[PDB]
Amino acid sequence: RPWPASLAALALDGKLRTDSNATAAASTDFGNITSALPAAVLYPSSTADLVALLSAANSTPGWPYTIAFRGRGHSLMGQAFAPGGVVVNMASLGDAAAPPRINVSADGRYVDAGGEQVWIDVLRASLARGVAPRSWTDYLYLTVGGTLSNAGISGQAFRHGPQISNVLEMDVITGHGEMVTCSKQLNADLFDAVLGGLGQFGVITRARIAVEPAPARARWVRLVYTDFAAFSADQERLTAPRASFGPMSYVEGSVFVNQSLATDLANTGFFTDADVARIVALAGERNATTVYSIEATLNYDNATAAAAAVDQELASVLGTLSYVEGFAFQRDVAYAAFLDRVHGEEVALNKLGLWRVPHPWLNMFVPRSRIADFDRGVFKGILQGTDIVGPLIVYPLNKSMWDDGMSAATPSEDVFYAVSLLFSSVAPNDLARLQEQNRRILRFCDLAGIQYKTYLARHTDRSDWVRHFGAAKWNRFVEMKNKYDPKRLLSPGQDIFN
């Protein structure tokens, strides 16, 4: 039970807190479905405090405290908790002013960012130097270390890969309490393990993130379909390799069920009421139970000719497509306004009291060969007759842009779809129904032989995690767990080794 000097110094300096206010704040997450109180919350003022805690953990025999690294707690099912353990309040690393926690490189080819930093601040500090990361998440108020522990995907991933494919190097403190810098060339085994590694191997204190010259504006389009075959064929055309890709900077898509079509179209924040009326009419003419929309952008800069060159490039692209004649809808915004588009959605929902609610989200990767089966079984099947609150996002990814040596698990096929069904619960009895429906969707997929992977989900059975990674890739994961977290204390809320 004796404490090392450096661990005791943290309690003395008021950094180790055991009060009910501190512990309660670190006991809930964005999922708002599960909770777990820690014994203590650490508020580090430097990476030395992290070394202190993890060295103590490693050297103290019989050490009982699991350790989690809370980013912004956007986890869905407790992945950032440490039940009866220590939660690290990562945000405390950026409390001061000296030194800065985000540094754009002198050559403008990368940005250095603290693990604790949120992507919105990474964006703001990048644009101040005329650059920006190439690969995003839909939502910018997430931490660098958090998204990198998962993958980080948005409409750019088809061409640039996920955020984990856009890291040059990291500083990481392992379960041993050892500060290690890692890359493809230095300590590559740790580098690959941590990326998509679900916080199992250590804490990312710094990430070196690839940037590109920052575009000024995004030409922003949505294309409407009643035929899934045409919708998916076009998403695949837009994202297909020609190493080289087509013009589009971003390609996502969405599914709208007929029952709430007008309301959901109106709630996109994209369509006007005039647009909505035309799409509702189209659905009725085609007798459609589902409507599909491709969402795409073309990034361009402040050049004088840029706007007309964009018009012509866009016109050419669209002429290769098969959306319903006349159902192309365009917007034109500043690039930062596009990237932070979901912030506005959060503000609106929270003011309605619809943000801090349970989020039984279903996120998965579905092989291209079975996407039409998934559409029939889920969008045209299971989901029909239900009231859906939250977007249903569907878009293809290219496996060639994913590094399978990293921890992140993906389907085997060259093309696979991100399917994100972002259900928001309107309290009882809606939550239990939504949890059951997600089970049924997974059940449908299992029975149809669809070889999907989950994303952002934590499994509670060993056989499920083994299947998740694949047996050979699982053994790799375990090898790296043994070297970097032998005491199995880190990120216990993933329920892999805890």
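If you superpose the two forms and keep the largest set of C-alpha atoms that fall within 1.5 Å, you have the rigid core. The first residue of the shown sequence is 1; numbering continues from there.
- Query: Taking C-alpha RMS after core alignment, which stretch differs more from the shown form in 4 other deposited structures of this protein: 424-432, or 199-207?
  - Reply: Taking the RMS over all superposed structures in 4 other deposited structures of this protein, 424-432 lies farther out.
- Item | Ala243 unmodelled in at least a third of other compared entries | Per the records, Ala243 goes unmodelled in at least a third of the other entries.
- Should the segment between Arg242 and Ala243 be described as having none, 1 to 3, 4 to 9, or 10 or more unmodelled residues of the deposited sequence? 4 to 9 residues are missing.
- Given 29-37 and 449-457, the range whose Cα B-factors average higher in the PDB entry: Looking at the record's C-alpha B-factors, the answer is 29-37.
- Entry-level comparison of average CA B-factors, 398-406 and 343-351, reporting the higher stretch: Per the PDB record, 343-351.
- Quick one: which of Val144, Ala305, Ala230, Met364 shows the highest Cα temperature factor in the PDB entry? Highest C-alpha B-factor among the listed residues goes to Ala305.
- Task: Using the temperature factors in the entry, find which of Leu238, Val167, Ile294, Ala309 has the highest value at its Cα atom.
- Result: Within the set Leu238, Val167, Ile294, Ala309, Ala309 shows the top C-alpha B-factor.
- Among all modelled residues of this chain, ranked by Cα B factor, put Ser105 in the bottom, middle or top third, i.e. lowest, middle or highest. For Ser105, the deposited C-alpha B-factor lands in the highest third.
- Split the chain's modelled residues into thirds by Cα B-factor; is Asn187 in the lowest, middle or highest one? Top third by C-alpha B-factor.
- Which third, lowest, middle or highest, does the CA B-factor of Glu116 fall in along this chain? Within its chain, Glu116 is a middle-third residue by C-alpha B-factor, going by the deposited values.
- Assigned third (lowest, middle, highest) for the C-alpha B factor of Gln163: Ranked within chain, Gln163 CA B lands in the lowest tercile.
- Where does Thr263 sit by CA temperature factor within its chain: lowest, middle or highest third? Middle third - that is where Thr263 ends up once the chain's C-alpha B-factors are sorted.
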